[PDB]
Amino acid sequence: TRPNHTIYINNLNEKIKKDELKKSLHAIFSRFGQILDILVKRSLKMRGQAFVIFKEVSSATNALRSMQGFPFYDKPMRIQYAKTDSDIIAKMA
RNA sequence: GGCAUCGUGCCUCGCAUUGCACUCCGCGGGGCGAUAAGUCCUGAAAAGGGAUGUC
Ligand SMILES: C[S@@+](CC[C@H](N)C(=O)[O-])C[C@H]1O[C@@H](n2cnc3c(N)ncnc32)[C@H](O)[C@@H]1O
């Protein structure tokens, strides 16, 4: 869909603890660019999914194209662009 | 430290969940101030932290 600073990742293994997931996502995705923040909740609506906020869209695009489907804690990651700017990014625009 | 109450969030099990958030709580059982986390609180920010009542 329309390119965004923030990639939306779901199909994540819901048994990973909040901290380990967040840092794993940071460790993996920081090759593709500078990460402003990563947002992870284990709530019913928000489990199995994460927002990764890149500083540059080029990183997000390259991240999404390159990591798509990657086996991650025994599930393949599904990556889409976020439907919407993260507050941290829009608060700048 | 103990009682009792409330804010905040974390871990864990069963069942359920593929879910687009930053305005944030699946139901049920268990364990929690703890250099964790926090959406709550202090502070102008860096940062720091449960609070109230009670013996
Ligand atoms: C009434 S319970 C809170 C339950 C929670 N508010 C809920 O919706 O299920 C109070 C107890 O939870 C524990 N607790 C709540 N917040 C905590 C925190 N941030 N850190 C450590 N323990 C906490 C404490 O052990 C306290 O004795």
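Kindly indicate the residue of the range A:44-83 that is touching a residue at least 60 places away in the same chain (Cβ under 8 Å) and under 19 Å from A:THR1 (Cα atoms) and also farthest from the chain's Cα centre (by Cα) among those meeting that condition.
Filtering the range A:44-83 for residues that are touching a residue at least 60 places away in the same chain (Cβ under 8 Å) and under 19 Å from A:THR1 (Cα atoms), the one farthest from the chain's Cα centre (by Cα) comes out as A:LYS83.
For the range A:13-53, what are the residues that are in a helix (DSSP H, G or I) and either within 16 Å of A:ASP74 (Cα to Cα) or near RNA strand B (Cβ under 8 Å from one of its atoms) (or both)?
Result: A:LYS18, A:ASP19, A:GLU20, A:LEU21, A:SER24, A:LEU25, A:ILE28.
Only residues that are surrounded by 12 or more Cβ atoms within 10 Å (Cβ to Cβ) and either away from RNA strand B (no atom under 13 Å from the Cβ) or β-branched (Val, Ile, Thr) (or both): list them for the range A:57-67, please.
A:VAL57, A:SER58, A:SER59, A:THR61, A:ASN62, A:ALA63, A:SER66, A:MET67
Every residue, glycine as well, gets a Cβ built from its backbone with ideal geometry; the counts of neighbours run over all protein chains shown. Values in this text are rule-based calculations from the coordinates and carry no lab data.
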